[PDB]
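A quick note on method: Cβ atoms are made from the backbone with ideal geometry, for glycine too, and the neighbour counts reach across all protein chains shown. Please treat every number below as a calculation from the coordinates, not as lab data.
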There are 2 protein chains.
Amino acid sequence: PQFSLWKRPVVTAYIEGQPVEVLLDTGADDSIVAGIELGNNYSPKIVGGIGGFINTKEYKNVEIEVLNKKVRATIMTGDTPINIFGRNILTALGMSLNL
Amino acid sequence: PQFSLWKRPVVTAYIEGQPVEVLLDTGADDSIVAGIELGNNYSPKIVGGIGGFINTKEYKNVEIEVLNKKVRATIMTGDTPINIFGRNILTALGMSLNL
Ligand SMILES: CC(C)CN(C[C@@H](O)[C@H](Cc1ccccc1)NC(=O)O[C@H]1CO[C@H]2OCC[C@H]21)S(=O)(=O)c1ccc(N)cc1
Ligand SMILES: [Cl-]
Ligand SMILES: [Cl-]
Ligand SMILES: [Cl-]
Ligand SMILES: [Cl-]
Ligand SMILES: [Cl-]
Ligand SMILES: [Cl-]
Ligand SMILES: [Cl-]
Ligand SMILES: [Cl-]
Ligand code: NA
Ligand SMILES: [Zn+2]
Ligand SMILES: [Zn+2]
Ligand SMILES: [Zn+2]
Ligand SMILES: [Zn+2]
Ligand SMILES: [Zn+2]
Ligand SMILES: [Zn+2]
Ligand SMILES: [Zn+2]
Ligand SMILES: [Zn+2]
Ligand SMILES: [Zn+2]
């Protein structure tokens, strides 16, 4: 698939079966999702964005389905205004930025 | 050129001739840089992300040299923690995000 970036590169995904809208974000190291409930097996993490820092819940080895692929990856849940798949997932998917 | 996303995609750009390192960010609609003064002809705007919001100043038709290309583009200035070249610049350069 190819994203020409005239529109946001947004897609739908499942995270442990939970449907989400996510932004493919080359500017993010991590993948941050709001709203989904992945349970109590997490570790707290601190994530910094353009405005400051948030606490997140880090879940390892989470099943994610996106772009017709299935991978395992780390998801952090917390208060992001847009759900983002960062480079930890983009690399698992084999994505690249090209010119 | 290809950015494989194992590392942050950061390159050196020249904005009105001054060198800045910038992050090539598909998750950003627009571009925001710190530490460079672009003057009194702007439109104030607020942008939001993780951690909250920041005040910015939006400048039009700014000279940018990056990835051996020269373009004229919209740039915001503000107290951003990292310099971001968002989709308005990536599309001017003809960049794409591919799987
Ligand atoms: C959260 C996204 C919807 C929007 N952001 C772009 C995003 O790529 C930022 C860009 C970014 C990068 C570093 C620092 C601040 C912001 N990355 C980010 O917040 O990533 C966080 C998750 O992974 C971690 O790795 C980097 C910071 C953490 S943003 O910086 O808030 C932003 C919003 C609007 C514009 N026009 C430009 C930038
Ligand atoms: Cl597009
Ligand atoms: Cl489009
Ligand atoms: Cl499913
Ligand atoms: Cl990281
Ligand atoms: Cl941490
Ligand atoms: Cl960690
Ligand atoms: Cl972080
Ligand atoms: Cl391909
Ligand atoms: Na003016
Ligand atoms: Zn398009
Ligand atoms: Zn499934
Ligand atoms: Zn949407
Ligand atoms: Zn991180
Ligand atoms: Zn992080
Ligand atoms: Zn971790
Ligand atoms: Zn030059
Ligand atoms: Zn400051
Ligand atoms: Zn392919």
For region B:1-60, which fully contained strands (runs of 3 or more DSSP E) count at least 1 residues that are within 11 Å of B:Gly78 (Cα to Cα) and among the hydrophobic types (A, V, I, L, M, F, W, C)?
B:43-49
What residue, of A:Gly27, A:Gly51, is farther than 26 Å from B:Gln2 by Cβ, within 16 Å of ligand 8 (Cβ to nearest atom) and within 11 Å of chain B (Cβ to nearest Cβ)?
A:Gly51
Any chance B:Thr12 is without any contact (Cβ under 8 Å) to a residue 60 or more places away in the chain, crowded, with 19+ Cβ neighbours inside 10 Å, more than 22 Å from A:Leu24 (Cα to Cα) and more than 7 Å from chain A (Cβ to nearest Cβ):
no
Selection from region A:51-65 of residues surrounded by fewer than 13 Cβ atoms within 10 Å (Cβ to Cβ) and either under 13 Å from the mean Cα position of the chain (by Cα) or among the polar types (S, T, N, Q) (or both) yields A:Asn55, A:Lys60, A:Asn61
Selection from region A:70-80 of residues that are more than 14 Å from ligand 7 (Cβ to nearest atom), surrounded by 15 or more Cβ atoms within 10 Å (Cβ to Cβ) and closer than 17 Å to A:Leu24 by Cβ:
A:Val71, A:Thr80
Select from region A:1-58 the residues that are among the hydrophobic types (A, V, I, L, M, F, W, C) and either within 16 Å of ligand 17 (Cβ to nearest atom) or under 16 Å from B:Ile84 (Cβ atoms) (or both) and list them in ascending order.
A:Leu5, A:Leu23, A:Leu24, A:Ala28, A:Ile50
Going residue by residue through region A:24-46, is there one that turns out to be among the hydrophobic types (A, V, I, L, M, F, W, C), loosely packed, with under 13 Cβ neighbours inside 10 Å and over 17 Å from A:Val62 (Cβ atoms)?
yes
Right, B:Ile54: of a type in the set (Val, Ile, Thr) and within 22 Å of A:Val11 (Cα to Cα) or not?
no
Go through the residues of region B:63-78 one by one and say whether even a single one is closer than 18 Å to A:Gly48 by Cβ and not in a loop (DSSP other than H, G, I, E, B).
yes
For B:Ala92, indicate whether it is assigned to a loop (DSSP other than H, G, I, E, B) and among the aliphatic types (A, V, I, L, M).
no
Residue that is farthest from the other protein chains (Cβ to nearest Cβ), among those in region A:54-94 that are more than 15 Å from ligand 12 (Cβ to nearest atom) and of a type in the set (S, T, N, Q):
A:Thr74
Filtered residues of region B:45-99 (kept if out of contact with any helix residue (DSSP H, G or I) (no Cβ under 7 Å at 6 or more places or on another chain) and in contact (Cβ under 8 Å) with a residue 60 or more places away in the chain):
B:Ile75, B:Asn83, B:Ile84, B:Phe85, B:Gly86, B:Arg87, B:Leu90, B:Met95, B:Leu97
